[PDB]
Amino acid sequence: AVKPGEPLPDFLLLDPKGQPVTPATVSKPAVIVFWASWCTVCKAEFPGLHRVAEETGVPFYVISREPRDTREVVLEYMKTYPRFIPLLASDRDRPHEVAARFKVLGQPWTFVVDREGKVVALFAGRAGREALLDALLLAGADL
């Protein structure tokens, strides 16, 4: 009866093309990453995370915890990470507000979302390459 993990909290954010991203519409499995433009450790992890995104084909949704990370700031940092999908404010939710519903503090965080929309693995700080790949395989990805 009890499947692993916890459901995503409700949210609505937009991708840069303006397409809505909600727990229903997220493409599963998925990874969600929390960062902030002022966090060097967050940014230092992007290459390794993006490698995993490339080899698995799994969408990586990227949310800034910094209110001042405007659209222009976010898209600049994200331009060399084509397999990352940045999530920006919708009419109803700001990214930093959404991040604050995940019951974790600070950044970076990496969340693995399975086919049923449940968060089944979390990593604080630097996620292990093997750890993350194994978690994705366990969440129903293939590479």
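Sequential numbering from 1, following the sequence displayed.
Checked against the record, the higher mean CA B factor of 32 to 40 and 64 to 72 lies with 64 to 72.
In this entry, the higher average B-factor at the C-alpha atoms falls on 90 to 98, of the pair 106 to 114 and 90 to 98. Split the chain's modelled residues into thirds by C-alpha temperature factor. Residue 58 is in the middle one. When all modelled residues of the chain are sorted by CA temperature factor, residue 121 is found within the lowest third.
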